[PDB]
file my_file_5.cif (mmCIF, C-alpha atoms)
data_final
#
loop_
_atom_site.label_atom_id
_atom_site.label_comp_id
_atom_site.auth_asym_id
_atom_site.auth_seq_id
_atom_site.Cartn_x
_atom_site.Cartn_y
_atom_site.Cartn_z
CA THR A 240 -5.31 -8.57 49.70
CA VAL A 241 -5.81 -4.96 50.74
CA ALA A 242 -7.24 -4.07 47.35
CA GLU A 243 -9.78 -6.89 47.27
CA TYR A 244 -10.82 -6.04 50.81
CA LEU A 245 -11.43 -2.38 50.01
CA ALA A 246 -13.22 -3.09 46.75
CA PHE A 247 -15.53 -5.92 47.79
CA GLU A 248 -16.29 -4.71 51.30
CA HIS A 249 -16.48 -0.91 51.19
CA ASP A 250 -17.37 -0.49 47.51
CA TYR A 251 -14.29 1.48 46.51
CA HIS A 252 -13.08 1.59 42.94
CA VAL A 253 -9.45 0.58 43.30
CA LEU A 254 -6.55 0.88 40.87
CA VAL A 255 -3.54 -1.35 41.54
CA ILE A 256 -0.09 -0.52 40.17
CA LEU A 257 2.60 -3.21 40.39
CA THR A 258 5.77 -1.44 39.56
CA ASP A 259 8.03 -4.16 38.22
CA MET A 260 7.17 -7.79 37.73
CA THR A 261 10.65 -8.53 36.43
CA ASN A 262 12.08 -8.18 39.93
CA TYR A 263 9.32 -10.43 41.22
CA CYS A 264 10.33 -13.06 38.68
CA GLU A 265 13.98 -12.68 39.66
CA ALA A 266 13.11 -13.45 43.28
CA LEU A 267 11.00 -16.37 42.11
CA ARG A 268 13.81 -17.83 40.03
CA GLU A 269 16.26 -17.46 42.89
CA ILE A 270 14.10 -19.26 45.43
CA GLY A 271 13.26 -21.88 42.82
CA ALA A 272 16.85 -22.60 41.88
CA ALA A 273 17.83 -23.00 45.52
CA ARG A 274 15.39 -25.94 45.48
CA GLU A 275 16.26 -27.38 42.06
CA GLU A 276 12.88 -27.24 40.38
CA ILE A 277 12.45 -28.44 36.82
CA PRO A 278 13.06 -25.16 34.97
CA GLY A 279 11.12 -23.44 32.24
CA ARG A 280 12.90 -21.68 29.43
CA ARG A 281 15.77 -19.67 30.89
CA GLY A 282 15.91 -21.16 34.34
CA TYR A 283 12.61 -19.72 35.47
CA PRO A 284 10.79 -22.38 37.49
CA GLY A 285 8.21 -24.52 35.78
CA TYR A 286 5.32 -23.21 37.88
CA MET A 287 5.86 -19.52 37.16
CA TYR A 288 2.72 -19.49 35.03
CA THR A 289 0.51 -20.64 37.90
CA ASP A 290 2.34 -18.36 40.29
CA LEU A 291 1.74 -15.24 38.20
CA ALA A 292 -1.83 -16.28 37.47
CA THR A 293 -2.58 -16.30 41.17
CA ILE A 294 -1.68 -12.58 41.20
CA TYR A 295 -3.11 -11.28 37.95
CA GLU A 296 -6.42 -13.07 38.30
CA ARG A 297 -7.29 -11.16 41.48
CA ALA A 298 -9.08 -8.44 39.55
CA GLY A 299 -12.43 -7.79 38.02
CA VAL A 300 -15.95 -6.96 39.06
CA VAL A 301 -18.24 -9.12 41.18
CA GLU A 302 -21.92 -9.59 40.48
CA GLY A 303 -24.09 -7.80 43.00
CA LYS A 304 -21.43 -5.46 44.37
CA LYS A 305 -20.33 -1.94 43.58
CA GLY A 306 -16.57 -2.05 43.95
CA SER A 307 -14.03 -2.96 41.31
CA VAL A 308 -10.33 -3.72 40.99
CA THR A 309 -8.18 -2.70 38.02
CA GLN A 310 -4.57 -3.73 37.51
CA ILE A 311 -1.75 -1.94 35.74
CA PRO A 312 1.36 -4.12 36.00
CA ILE A 313 4.58 -2.68 34.63
CA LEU A 314 7.38 -4.89 33.38
CA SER A 315 10.47 -4.29 31.30
CA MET A 316 11.09 -6.75 28.50
CA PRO A 317 14.77 -7.51 29.05
CA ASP A 318 16.36 -7.05 25.63
CA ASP A 319 13.19 -5.44 24.25
CA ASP A 320 12.32 -9.08 23.63
CA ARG A 321 8.63 -9.95 23.30
CA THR A 322 9.40 -13.68 23.51
CA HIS A 323 11.21 -13.63 26.85
CA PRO A 324 9.43 -15.86 29.40
CA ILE A 325 8.13 -13.03 31.59
CA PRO A 326 6.36 -10.94 28.92
CA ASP A 327 5.30 -14.11 27.14
CA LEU A 328 3.48 -15.58 30.13
CA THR A 329 2.10 -12.24 31.26
CA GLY A 330 0.62 -11.76 27.81
CA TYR A 331 -0.89 -15.22 28.03
CA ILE A 332 -2.65 -14.21 31.26
CA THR A 333 -3.69 -10.56 31.13
CA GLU A 334 -6.18 -8.97 28.72
CA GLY A 335 -4.00 -7.23 26.20
CA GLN A 336 -0.98 -5.06 26.72
CA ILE A 337 0.31 -1.56 26.09
CA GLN A 338 3.71 -1.95 24.44
CA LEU A 339 6.15 0.96 24.27
CA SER A 340 8.47 1.65 21.36
CA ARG A 341 12.11 2.63 21.53
CA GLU A 342 12.20 4.01 18.00
CA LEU A 343 9.31 6.34 18.78
CA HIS A 344 11.08 7.37 21.97
CA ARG A 345 14.20 8.30 20.02
CA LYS A 346 12.18 10.65 17.82
CA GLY A 347 11.18 12.63 20.90
CA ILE A 348 7.60 11.34 20.87
CA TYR A 349 5.84 11.07 24.21
CA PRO A 350 4.11 8.78 25.05
CA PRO A 351 5.92 6.29 22.86
CA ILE A 352 3.06 3.81 22.50
CA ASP A 353 3.09 2.06 19.23
CA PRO A 354 -0.41 0.90 18.42
CA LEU A 355 0.33 -2.17 16.31
CA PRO A 356 1.68 -4.61 18.94
CA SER A 357 -0.73 -3.31 21.58
CA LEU A 358 -4.09 -4.86 22.35
CA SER A 359 -7.10 -4.57 24.62
CA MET B 1 14.31 24.01 -33.62
CA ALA B 2 17.58 25.29 -32.20
CA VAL B 3 21.26 24.82 -33.03
CA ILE B 4 24.28 26.60 -31.55
CA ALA B 5 26.62 26.55 -34.54
CA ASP B 6 28.44 28.74 -37.04
CA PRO B 7 26.03 31.38 -38.40
CA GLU B 8 26.82 30.35 -41.99
CA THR B 9 25.29 26.95 -41.27
CA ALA B 10 22.68 28.71 -39.13
CA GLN B 11 21.08 30.24 -42.22
CA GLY B 12 20.92 26.79 -43.80
CA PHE B 13 19.18 25.56 -40.68
CA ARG B 14 16.76 28.46 -41.14
CA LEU B 15 16.18 27.11 -44.63
CA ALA B 16 15.33 23.91 -42.77
CA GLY B 17 13.07 26.01 -40.52
CA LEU B 18 15.54 25.84 -37.63
CA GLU B 19 16.82 28.95 -35.90
CA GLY B 20 20.54 28.82 -35.24
CA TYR B 21 23.37 31.07 -34.15
CA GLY B 22 26.77 31.01 -32.51
CA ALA B 23 29.78 33.03 -31.45
CA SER B 24 32.62 30.45 -31.37
CA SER B 25 33.29 29.95 -27.65
CA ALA B 26 32.25 27.53 -24.92
CA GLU B 27 31.48 30.18 -22.30
CA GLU B 28 29.17 32.32 -24.43
CA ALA B 29 27.48 29.20 -25.75
CA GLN B 30 26.79 27.99 -22.22
CA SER B 31 25.63 31.48 -21.26
CA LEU B 32 22.96 31.90 -23.89
CA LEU B 33 21.93 28.24 -24.06
CA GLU B 34 20.56 28.84 -20.57
CA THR B 35 17.97 31.17 -22.10
CA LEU B 36 17.66 28.89 -25.13
CA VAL B 37 16.64 25.97 -22.91
CA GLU B 38 14.48 28.29 -20.83
CA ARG B 39 12.99 29.48 -24.12
CA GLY B 40 13.01 25.85 -25.16
CA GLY B 41 9.89 25.63 -27.29
CA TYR B 42 11.52 22.78 -29.21
CA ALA B 43 12.64 19.33 -28.18
CA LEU B 44 16.26 19.23 -29.33
CA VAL B 45 19.25 21.51 -29.82
CA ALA B 46 22.53 20.69 -31.54
CA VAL B 47 26.03 21.89 -30.68
CA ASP B 48 29.30 21.18 -32.46
CA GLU B 49 31.94 19.10 -30.71
CA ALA B 50 34.48 21.94 -30.83
CA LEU B 51 32.38 24.42 -28.83
CA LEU B 52 32.39 21.97 -25.92
CA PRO B 53 32.43 18.16 -26.21
CA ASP B 54 29.71 17.45 -23.63
CA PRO B 55 26.62 19.67 -23.26
CA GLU B 56 25.66 17.70 -20.15
CA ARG B 57 28.27 19.54 -18.08
CA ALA B 58 26.52 22.76 -19.14
CA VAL B 59 22.76 22.21 -19.21
CA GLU B 60 22.70 19.46 -16.57
CA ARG B 61 22.17 22.08 -13.88
CA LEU B 62 19.21 23.80 -15.53
CA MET B 63 17.58 20.84 -17.29
CA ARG B 64 17.24 19.02 -13.96
CA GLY B 65 14.02 17.01 -13.87
CA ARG B 66 13.17 17.95 -17.47
CA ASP B 67 13.94 15.67 -20.40
CA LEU B 68 12.55 17.12 -23.64
CA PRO B 69 15.60 19.05 -24.98
CA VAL B 70 18.04 16.36 -26.03
CA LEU B 71 21.55 17.65 -26.62
CA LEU B 72 24.22 15.98 -28.69
CA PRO B 73 27.62 16.79 -30.18
CA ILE B 74 27.51 17.22 -33.95
CA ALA B 75 30.25 17.40 -36.57
CA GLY B 76 31.98 20.76 -36.99
CA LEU B 77 33.43 22.83 -39.80
CA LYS B 78 36.77 21.04 -39.63
CA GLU B 79 34.83 17.80 -39.98
CA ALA B 80 33.16 19.36 -43.03
CA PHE B 81 36.27 18.31 -44.96
CA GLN B 82 38.03 15.72 -42.79
CA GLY B 83 35.29 13.59 -41.22
CA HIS B 84 35.02 11.99 -37.80
CA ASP B 85 36.32 9.07 -35.76
CA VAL B 86 33.00 7.36 -35.15
CA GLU B 87 34.23 4.15 -33.52
CA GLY B 88 36.49 5.85 -31.01
CA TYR B 89 33.49 7.83 -29.78
CA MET B 90 31.23 4.80 -29.45
CA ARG B 91 33.99 2.86 -27.73
CA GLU B 92 34.78 5.52 -25.14
CA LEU B 93 31.03 5.61 -24.61
CA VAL B 94 30.58 1.90 -23.91
CA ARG B 95 33.74 2.11 -21.81
CA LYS B 96 32.09 4.28 -19.18
CA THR B 97 28.72 2.63 -19.70
CA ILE B 98 29.39 -1.09 -19.27
CA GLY B 99 32.59 -0.46 -17.34
CA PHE B 100 35.29 -1.59 -19.77
CA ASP B 101 36.72 -1.34 -23.27
CA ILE B 102 35.06 -4.05 -25.35
CA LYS B 103 34.41 -5.15 -28.95
CA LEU B 104 38.09 -4.99 -29.83
CA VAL C 4 16.22 -10.85 16.62
CA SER C 5 14.73 -13.18 19.18
CA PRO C 6 16.72 -16.43 19.19
CA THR C 7 14.32 -19.30 18.51
CA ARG C 8 14.36 -22.28 16.18
CA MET C 9 11.51 -20.66 14.29
CA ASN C 10 13.59 -17.52 13.79
CA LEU C 11 16.49 -19.63 12.57
CA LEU C 12 14.26 -21.19 9.94
CA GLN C 13 12.89 -17.81 8.91
CA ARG C 14 16.37 -16.31 8.51
CA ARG C 15 17.52 -19.30 6.49
CA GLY C 16 14.55 -18.81 4.20
CA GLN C 17 15.52 -15.17 3.84
CA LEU C 18 19.04 -16.16 2.84
CA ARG C 19 17.71 -18.54 0.22
CA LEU C 20 15.49 -15.84 -1.26
CA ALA C 21 18.37 -13.37 -1.31
CA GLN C 22 20.53 -15.69 -3.39
CA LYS C 23 17.68 -16.60 -5.71
CA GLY C 24 17.12 -12.89 -6.21
CA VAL C 25 20.75 -12.18 -7.00
CA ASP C 26 20.79 -14.74 -9.79
CA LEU C 27 17.56 -13.39 -11.28
CA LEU C 28 18.95 -9.87 -11.34
CA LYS C 29 22.02 -11.26 -13.08
CA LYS C 30 19.92 -12.88 -15.81
CA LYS C 31 18.04 -9.63 -16.34
CA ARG C 32 21.30 -7.73 -16.67
CA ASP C 33 22.52 -10.22 -19.24
CA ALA C 34 19.40 -9.62 -21.32
CA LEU C 35 20.00 -5.88 -21.00
CA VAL C 36 23.56 -6.26 -22.25
CA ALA C 37 22.34 -8.20 -25.27
CA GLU C 38 19.84 -5.45 -26.10
CA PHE C 39 22.45 -2.73 -25.54
CA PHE C 40 24.97 -4.29 -27.88
CA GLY C 41 22.25 -4.82 -30.46
CA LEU C 42 21.57 -1.10 -30.23
CA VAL C 43 25.17 0.08 -30.40
CA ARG C 44 25.60 -1.22 -33.94
CA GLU C 45 22.61 0.58 -35.39
CA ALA C 46 23.63 3.63 -33.36
CA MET C 47 27.02 3.81 -35.02
CA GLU C 48 25.30 3.11 -38.35
CA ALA C 49 23.03 6.13 -37.95
CA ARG C 50 26.11 8.13 -37.00
CA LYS C 51 27.79 6.95 -40.21
CA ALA C 52 24.85 8.00 -42.37
CA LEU C 53 24.70 11.34 -40.58
CA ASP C 54 28.38 11.91 -41.28
CA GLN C 55 27.95 11.16 -44.97
CA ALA C 56 24.86 13.37 -45.12
#

call {"tool": "encode", "arguments": {"input": "my_file_5.cif", "output": "structure tokens"}}
result
Amino acid sequence: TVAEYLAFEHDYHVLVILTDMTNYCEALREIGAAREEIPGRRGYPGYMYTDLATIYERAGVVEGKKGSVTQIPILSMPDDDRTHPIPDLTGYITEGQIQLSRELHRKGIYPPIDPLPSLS
Amino acid sequence: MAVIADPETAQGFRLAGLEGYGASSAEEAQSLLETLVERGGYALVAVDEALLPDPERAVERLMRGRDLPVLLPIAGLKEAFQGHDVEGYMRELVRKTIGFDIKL
Amino acid sequence: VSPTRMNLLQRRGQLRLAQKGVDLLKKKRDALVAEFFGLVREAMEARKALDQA
């Protein structure tokens, strides 16, 4: 809310950093299990896609205005698993991803960005 | 070519255009065959079985990566009158090669 | 490995290929043994002629 206000009222160029979406999804699953929703794949509620889309899709540039909003979410694939529900859905929403590599990290390489599973 | 054998046969090898020499010991043979295979302008050298049975234990360190000089045990001066046990040799060969003693 | 039914199928296919590779290697080795024994006879024959020469 604050970001969209700044960008599309005072023409700032904003950069949003959301520091862990995994904890967000944990809170979501908790409040969704207390209510007994039809679950998704590992107990995550069935509407988690729509819920995350209402956050990620609040970015971009508007025609006829000078501001902009750019998002850099950060999320930790649980067992380095690209098919876990959270990274899976987030990849289905955002435009590409920057995926880090543990093998490159073990060789002392920084930043351990392997270019093959990344995308923009 | 080259042969590390008794100098009396060495002259016959010279008659066959093959320089040869020897001094009747494994250690001296292994010593100078180092130069011989460094001065290895030929593709094969022979050594009697009595000098040392296996030249691989000797030249294997210096011939590494290179394959031209083939080395083999050849009958000696005792075998000049007696002969050789051909089948025992082949059989102890296939023993280590295909794992077991066969063709018995 | 990510546990999915698709991964299970892929791993099963891998197992099938592994076995069908083992048996092929075995057939090749059998051919090699045939060739090797065919060579050993003429090898000892050349050794015989060398001894008598």

call {"tool": "residues_around", "arguments": {"input": "my_file_5.cif", "residues": "residue 251 (chain A)", "least_positions_apart": "2", "cutoff": "10 Å", "atoms": "all atoms listed in the file", "output": "PyMOL selection string"}}
result
chain A and resi 242-249+253-254+305-308

call {"tool": "resolve_selection", "arguments": {"input": "my_file_5.cif", "expression": "the PyMOL selection byres ((chain C) within 12 of (chain B))", "output": "list in words"}}
result
residues 32, 33, 35, 36, 37, 39, 40, 42, 43, 44, 45, 46, 47, 48, 49, 50, 51, 52, 53, 54, 55 and 56 of chain C

call {"tool": "closest_atom_pairs", "arguments": {"input": "my_file_5.cif", "of": "chain C", "to": "chain A", "cutoff": "12 Å", "atoms": "all atoms listed in the file", "output": "tab-separated table"}}
result
residue	atom	partner	partner_atom	distance
C:4	CA	A:320	CA	8.2
C:5	CA	A:320	CA	6.5
C:6	CA	A:322	CA	8.9
C:7	CA	A:322	CA	9.0
C:9	CA	A:322	CA	11.8
C:10	CA	A:322	CA	11.3

call {"tool": "resolve_selection", "arguments": {"input": "my_file_5.cif", "expression": "the PyMOL selection byres ((chain A and resi 260) around 12)", "output": "PyMOL selection string"}}
result
chain A and resi 256-259+261-267+287+290-291+294-295+311-317+324-326+328-329

call {"tool": "write_last_selection", "arguments": {"input": "my_file_5.cif", "atoms": "C-alpha atoms", "output": "compact mmCIF listing (two decimals), in the frame of the given file"}}
result
# COMPACT_ATOMS: atom_id res chain seq x y z
CA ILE A 256 -0.09 -0.52 40.17
CA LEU A 257 2.60 -3.21 40.39
CA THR A 258 5.77 -1.44 39.56
CA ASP A 259 8.03 -4.16 38.22
CA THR A 261 10.65 -8.53 36.43
CA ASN A 262 12.08 -8.18 39.93
CA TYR A 263 9.32 -10.43 41.22
CA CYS A 264 10.33 -13.06 38.68
CA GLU A 265 13.98 -12.68 39.66
CA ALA A 266 13.11 -13.45 43.28
CA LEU A 267 11.00 -16.37 42.11
CA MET A 287 5.86 -19.52 37.16
CA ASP A 290 2.34 -18.36 40.29
CA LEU A 291 1.74 -15.24 38.20
CA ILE A 294 -1.68 -12.58 41.20
CA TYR A 295 -3.11 -11.28 37.95
CA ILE A 311 -1.75 -1.94 35.74
CA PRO A 312 1.36 -4.12 36.00
CA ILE A 313 4.58 -2.68 34.63
CA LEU A 314 7.38 -4.89 33.38
CA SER A 315 10.47 -4.29 31.30
CA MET A 316 11.09 -6.75 28.50
CA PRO A 317 14.77 -7.51 29.05
CA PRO A 324 9.43 -15.86 29.40
CA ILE A 325 8.13 -13.03 31.59
CA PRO A 326 6.36 -10.94 28.92
CA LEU A 328 3.48 -15.58 30.13
CA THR A 329 2.10 -12.24 31.26

call {"tool": "atom_distance", "arguments": {"input": "my_file_5.cif", "atom1": "CA of residue 48 (chain B)", "atom2": "CA of residue 66 (chain B)"}}
result
22.3 Å

call {"tool": "atom_distance", "arguments": {"input": "my_file_5.cif", "atom1": "CA of residue 54 (chain B)", "atom2": "CA of residue 73 (chain B)"}}
result
6.9 Å

call {"tool": "resolve_selection", "arguments": {"input": "my_file_5.cif", "expression": "the PyMOL selection byres ((chain B and resi 69) around 8)", "output": "list in words"}}
result
residues 37, 40, 42, 43, 44, 45, 66, 67, 68, 70 and 71 of chain B

call {"tool": "atom_distance", "arguments": {"input": "my_file_5.cif", "atom1": "CA of residue 289 (chain A)", "atom2": "CA of residue 356 (chain A)"}}
result
24.9 Å

call {"tool": "residues_around", "arguments": {"input": "my_file_5.cif", "residues": "residue 61 (chain B)", "least_positions_apart": "4", "cutoff": "12 Å", "atoms": "all atoms listed in the file", "output": "ChimeraX atom specification"}}
result
/B:30,33-34,37,55-57,65-66

call {"tool": "residues_around", "arguments": {"input": "my_file_5.cif", "residues": "residue 2 (chain B)", "least_positions_apart": "3", "cutoff": "6 Å", "atoms": "all atoms listed in the file", "output": "list in words"}}
result
residues 18, 19, 20 and 45 of chain B

call {"tool": "closest_residue", "arguments": {"input": "my_file_5.cif", "among": "B:53, B:99, B:88, B:22", "to": "residue 9 (chain B)", "atoms": "all atoms listed in the file"}}
result
B:22

call {"tool": "residues_around", "arguments": {"input": "my_file_5.cif", "residues": "residue 282 (chain A)", "least_positions_apart": "6", "cutoff": "10 Å", "atoms": "all atoms listed in the file", "output": "VMD selection string"}}
result
chain A and resid 268 to 269 271 to 272 275 to 276 324

call {"tool": "axis_aligned_box", "arguments": {"input": "my_file_5.cif", "around": "region 291-310 of chain A", "padding_each_side": "3 Å", "output": "AutoDock Vina command-line options"}}
result
--center_x -11.2 --center_y -9.1 --center_z 40.9 --size_x 31.8 --size_y 20.4 --size_z 12.9

call {"tool": "build_atoms", "arguments": {"input": "my_file_5.cif", "residues": "region 341-355 of chain A", "atoms": "N, CA, C and O atoms", "output": "PDB file, in the frame of the given file"}}
result
ATOM      1  N   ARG A 341      10.876   1.881  21.350  1.00  0.00           N
ATOM      2  CA  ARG A 341      12.110   2.630  21.530  1.00  0.00           C
ATOM      3  C   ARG A 341      12.360   3.570  20.368  1.00  0.00           C
ATOM      4  O   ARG A 341      12.866   4.678  20.564  1.00  0.00           O
ATOM      5  N   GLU A 342      12.008   3.154  19.155  1.00  0.00           N
ATOM      6  CA  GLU A 342      12.200   4.010  18.000  1.00  0.00           C
ATOM      7  C   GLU A 342      11.370   5.277  18.109  1.00  0.00           C
ATOM      8  O   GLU A 342      11.840   6.367  17.775  1.00  0.00           O
ATOM      9  N   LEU A 343      10.130   5.153  18.570  1.00  0.00           N
ATOM     10  CA  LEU A 343       9.310   6.340  18.780  1.00  0.00           C
ATOM     11  C   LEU A 343       9.884   7.207  19.879  1.00  0.00           C
ATOM     12  O   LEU A 343       9.767   8.432  19.833  1.00  0.00           O
ATOM     13  N   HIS A 344      10.495   6.595  20.884  1.00  0.00           N
ATOM     14  CA  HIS A 344      11.080   7.370  21.970  1.00  0.00           C
ATOM     15  C   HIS A 344      12.273   8.167  21.474  1.00  0.00           C
ATOM     16  O   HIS A 344      12.511   9.289  21.929  1.00  0.00           O
ATOM     17  N   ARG A 345      13.032   7.606  20.539  1.00  0.00           N
ATOM     18  CA  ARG A 345      14.200   8.300  20.020  1.00  0.00           C
ATOM     19  C   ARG A 345      13.826   9.483  19.142  1.00  0.00           C
ATOM     20  O   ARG A 345      14.648  10.383  18.966  1.00  0.00           O
ATOM     21  N   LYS A 346      12.628   9.497  18.579  1.00  0.00           N
ATOM     22  CA  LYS A 346      12.180  10.650  17.820  1.00  0.00           C
ATOM     23  C   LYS A 346      11.622  11.753  18.694  1.00  0.00           C
ATOM     24  O   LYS A 346      11.106  12.734  18.161  1.00  0.00           O
ATOM     25  N   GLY A 347      11.704  11.624  20.009  1.00  0.00           N
ATOM     26  CA  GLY A 347      11.180  12.630  20.900  1.00  0.00           C
ATOM     27  C   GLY A 347       9.700  12.536  21.175  1.00  0.00           C
ATOM     28  O   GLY A 347       9.153  13.429  21.825  1.00  0.00           O
ATOM     29  N   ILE A 348       9.043  11.487  20.723  1.00  0.00           N
ATOM     30  CA  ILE A 348       7.600  11.340  20.870  1.00  0.00           C
ATOM     31  C   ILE A 348       7.286  10.865  22.271  1.00  0.00           C
ATOM     32  O   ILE A 348       7.903   9.919  22.765  1.00  0.00           O
ATOM     33  N   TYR A 349       6.331  11.519  22.921  1.00  0.00           N
ATOM     34  CA  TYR A 349       5.840  11.070  24.210  1.00  0.00           C
ATOM     35  C   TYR A 349       4.315  11.140  24.180  1.00  0.00           C
ATOM     36  O   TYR A 349       3.754  12.189  23.837  1.00  0.00           O
ATOM     37  N   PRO A 350       3.609  10.077  24.586  1.00  0.00           N
ATOM     38  CA  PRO A 350       4.110   8.780  25.050  1.00  0.00           C
ATOM     39  C   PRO A 350       4.342   7.788  23.932  1.00  0.00           C
ATOM     40  O   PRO A 350       3.516   7.645  23.048  1.00  0.00           O
ATOM     41  N   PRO A 351       5.455   7.102  23.984  1.00  0.00           N
ATOM     42  CA  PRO A 351       5.920   6.290  22.860  1.00  0.00           C
ATOM     43  C   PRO A 351       5.200   4.947  22.751  1.00  0.00           C
ATOM     44  O   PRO A 351       5.805   3.884  22.826  1.00  0.00           O
ATOM     45  N   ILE A 352       3.897   4.997  22.534  1.00  0.00           N
ATOM     46  CA  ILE A 352       3.060   3.810  22.500  1.00  0.00           C
ATOM     47  C   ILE A 352       2.826   3.418  21.053  1.00  0.00           C
ATOM     48  O   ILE A 352       2.086   4.097  20.338  1.00  0.00           O
ATOM     49  N   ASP A 353       3.410   2.335  20.623  1.00  0.00           N
ATOM     50  CA  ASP A 353       3.090   2.060  19.230  1.00  0.00           C
ATOM     51  C   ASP A 353       1.860   1.189  19.155  1.00  0.00           C
ATOM     52  O   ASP A 353       1.771   0.187  19.870  1.00  0.00           O
ATOM     53  N   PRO A 354       0.895   1.528  18.306  1.00  0.00           N
ATOM     54  CA  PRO A 354      -0.410   0.900  18.420  1.00  0.00           C
ATOM     55  C   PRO A 354      -0.501  -0.476  17.795  1.00  0.00           C
ATOM     56  O   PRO A 354      -1.493  -1.167  18.037  1.00  0.00           O
ATOM     57  N   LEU A 355       0.476  -0.899  17.004  1.00  0.00           N
ATOM     58  CA  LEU A 355       0.330  -2.170  16.310  1.00  0.00           C
ATOM     59  C   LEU A 355       0.528  -3.374  17.214  1.00  0.00           C
ATOM     60  O   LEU A 355      -0.304  -4.292  17.165  1.00  0.00           O
TER      61      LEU A 355
END
